[PDB]
Every structure is written in C-alpha cells, then in structure tokens.
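Read the structure below first, then the notes.
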Amino acid sequence: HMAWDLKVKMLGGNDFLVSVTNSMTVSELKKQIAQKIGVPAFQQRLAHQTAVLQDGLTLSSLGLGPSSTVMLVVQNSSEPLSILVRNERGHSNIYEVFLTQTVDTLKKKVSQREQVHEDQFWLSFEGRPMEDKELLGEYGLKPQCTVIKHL
Numbered sequence: 004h005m006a007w008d009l010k011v012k013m014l015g016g017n018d019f020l021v022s023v024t025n026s027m028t029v030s031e032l033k034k035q036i037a038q039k040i041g042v043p044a045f046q047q048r049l050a051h052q053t054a055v056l057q058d059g060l061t062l063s064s065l066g067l068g069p070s071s072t073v074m075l076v077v078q079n080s081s082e083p084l085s086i087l088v089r090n091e092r093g094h095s096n097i098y099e100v101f102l103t104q105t106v107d108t109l110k111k112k113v114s115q116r117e118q119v120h121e122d123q124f125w126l127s128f129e130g131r132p133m134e135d136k137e138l139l140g141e142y143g144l145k146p147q148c149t150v151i152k153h154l
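Last residue of the sequence shown: 154 in the working numbering, with the numbers rising by one and none dropped.
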C-alpha cells in the first residue's frame, strides 16, 4: 500500500497534509496529526463530510482519498468515560473520569474510595507509570480500559 498525503482541515481555516496509507487506522492517523501539529490524540475529533470517524477503522473502509478533505475539531472538554482499576487482589472497580483531568484527581478519588493515602500507592497504564501532574488523556485512555493500582 503506497503512502499518499492526506489533507486535514483544522476548523478555523488552516489546513495541512500528513502522509498515510490505505490500511491505516484512525488511531494511527490521529497519532500522525499529533506528530505534525501537536494536538494530542484524545483531543482530536475527526469528521469526513459530517461522518464521524471512529478509532480502529481503516482509511480504505471509509473510501476517502488524496482529494478528500477531513475536518478536525479539538475537544476542549471531553464527555466523561469509565475505566477499570484492579488491585493486588485483581478486583476491578468502575471509575468515571475526564481525559482533561490530572492523575492526581483520580488518586484523590481512589484515595477516598479505598482509604489508602495518595502517597502510598501509584497507578500504571499498559505498564507505563502514570505521572501525578500529567493529564490522563496523554496515556491513551480508552473507555473501559484497565488501570493497575500499585502498592
């Protein structure tokens, strides 16, 4: 699958181009947009002549081509989502979070939900340790993902 450039229209009038392939998912496309412009993936909401693109969807399945324009919309406030947090016992719990929030907020929530103090446990996602000040969206937090609680 030869790589071809794609035209992306950033609401406001600005447009650019990023190289993609016929068999590239929407996640990888938003990642390339993050590398080109700097807006993180979780803030990217994409639309192709008002069709709403979903992560995990081949560009060929959408039929869009190197004369097709995609509208990009940054989501300043994302609607909430649910994630799972295991323990040493492995019992997953449900937590409603916003991707624009800090990990310290989640640490406070689980800190008052299990009584463990903030400075006695640390959270990890996909093996990557979650920083205390970083936004959750910078970890690629999908709905119903599993966040692991340590210590």
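Positions of the beta carbon are idealized from the N, C-alpha and C atoms, including for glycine.
Original post:
Does the beta-carbon distance from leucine 84 to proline 132 come in below 7 angstroms?
Top reply: At least 7 angstroms separates the beta-carbon of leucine 84 from that of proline 132.
**OP:** Determine the burial state of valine 23: buried for a count of at least 16 other Cβ atoms within 10 Å of its Cβ, exposed for fewer.
**Re:** Flag for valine 23 reads buried.
**OP:** Out of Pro43, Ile86, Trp125 and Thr53, state which residue places its alpha-carbon closest to the alpha-carbon of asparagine 79.
**Re:** Checked all of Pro43, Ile86, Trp125 and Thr53; the closest Cα to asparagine 79 is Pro43.
Original post:
Relative to the alpha-carbon of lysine 12, which residue among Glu31, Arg48 and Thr61 has its alpha-carbon at the smallest distance?
Top reply: Minimum Cα distance to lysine 12 is reached at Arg48.
**OP:** Could you name each continuous beta strand (DSSP E) segment of 3 residues or more that falls completely within the segment 40 to 77, going from the start of the chain to the end?
**Re:** With a minimum length of 3 residues, the unbroken runs of beta strand (DSSP E) contained wholly in the segment 40 to 77 fall at 47 to 51 and 72 to 77.
**OP:** Per DSSP, which residues does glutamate 99 bridge with? Please list them.
**Re:** Under DSSP, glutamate 99 shares a beta bridge with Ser85.
Original post:
Straight-line CA distance for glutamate 117 to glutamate 91?
Top reply: Looking at the two C-alpha atoms, the distance is approximately 13 angstroms.
Subject >> Beta-carbon proximity check, residue 227 vs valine 106, cutoff 7 angstroms >> reply: Residue 227 is absent from the structure shown; the chain starts at 4 and stops at 154.
**OP:** Output the boundary residues of the alpha helix (DSSP H) element that contains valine 113.
**Re:** It spans 106 to 117 - the alpha helix (DSSP H) in which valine 113 sits, taken as one unbroken run.
**OP:** Could you tell me whether the segment 113 to 128 touches the segment 24 to 32, where touching means 3 or more Cβ pairs closer than 8 angstroms?
**Re:** The segment 113 to 128 is not in contact with the segment 24 to 32.
**OP:** Classify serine 26 as helix, strand or coil using the three-state DSSP reduction.
**Re:** If DSSP states are grouped into helix, strand and coil, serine 26 belongs with coil.
Subject >> Top-ranked residue by Cα proximity to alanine 6, from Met27, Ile86, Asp122 and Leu60 >> reply: Among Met27, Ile86, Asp122 and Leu60, the Cα nearest to that of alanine 6 is on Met27.
Original post:
Which value, in whole angstroms, describes the spacing of the CA atoms of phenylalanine 45 and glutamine 38?
Top reply: Roughly 13 angstroms between the two C-alpha positions.
Original post:
Name the DSSP bridge partner or partners of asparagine 17?
Top reply: Beta-bridge pairing links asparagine 17 to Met13.
**OP:** Look up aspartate 8 in the DSSP assignment and give the residues it is bridged to.
**Re:** For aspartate 8, which the question treats as bridged, DSSP gives the partners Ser22.
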